[PDB]
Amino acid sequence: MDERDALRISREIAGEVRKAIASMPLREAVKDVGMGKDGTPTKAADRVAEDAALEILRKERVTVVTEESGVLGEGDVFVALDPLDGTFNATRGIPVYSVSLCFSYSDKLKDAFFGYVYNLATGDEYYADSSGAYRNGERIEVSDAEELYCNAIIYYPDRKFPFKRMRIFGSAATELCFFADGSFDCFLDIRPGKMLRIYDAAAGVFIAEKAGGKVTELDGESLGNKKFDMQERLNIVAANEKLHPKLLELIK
């Protein structure tokens, strides 16, 4: 499987997940239907989305690490799948949620070859491959902002900060892309619990890097050894290479 196969497969998945979600009424979608393998409830919305995605992915030689159903399959290509990221938004009719896919040539993030985030509410398509990062077919890149007085997405502000603005939308996959295209100057999940799972962030990180962003853990260590398994957890500091170290110092 190569980066063109991946785009083809992801698009097909985005299409089916969109169909499934849309043909579900809010009152039915918000319902708890079971316990995710991740340890959090699976909403009906999560279930229908994962089903449509898994239906397509089983026809491939891959191992899938997906939020509601855990690890599936045997292949050597590894796929981190968030079938529905921003489920809380989705169930409230709030239009920020996406299906997220990252593909890797091993169970570690450093071997990622394709990242893909499709906003299921707006239809915006983000992906990145060896050629670069795209929003709706157009090349994107991170902003040139050098100042801490900038536009930040941050989980969670636990003190007074210097940012121009702070936002929290409730979907890291999509929010990493907001950073990837330059809409926001930086992205930060600095929650002490390390809440981010591999499928939440893998795609977005990959896209943001292709878009020129520097993306690390809290101390600035590489994300390269982050594993595609249910146990993996992440803190993230993303910014252009000039803003990035200023952020590291700010949270020290």
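One rule holds for the numbers: they count along the sequence shown, beginning at 1.
Mean C-alpha B-factor higher for 130 to 138, or for 96 to 104? Averaged over C-alpha atoms, the B-factors run higher in 130 to 138.
What stretch has the higher average Cα B-factor here, 82 to 90 or 146 to 154? Higher of the two, by average CA B-factor, is 146 to 154.
Identify, among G204, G39, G34, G224, the residue whose C-alpha carries the highest B-factor in the deposited PDB entry. The C-alpha B-factor peaks, among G204, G39, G34, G224, at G224.
CA B-factor placement of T216, once the chain's modelled residues are sorted into thirds: CA B-factor rank for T216: middle third.
By the recorded C-alpha temperature factor, relative to the other modelled residues in its chain, which third is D51 in? Middle third, going by the recorded CA B-factors of the chain.
C-alpha B factor of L120, ranked within the chain: lowest, middle or highest third? Within its chain, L120 is a middle-third residue by C-alpha B-factor, going by the deposited values.
For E241, does the deposited CA B-factor place it in the lowest, middle or highest third of the chain? For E241, the deposited C-alpha B-factor lands in the highest third.
C-alpha B factor of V77, ranked within the chain: lowest, middle or highest third? It falls in the middle third of the chain.
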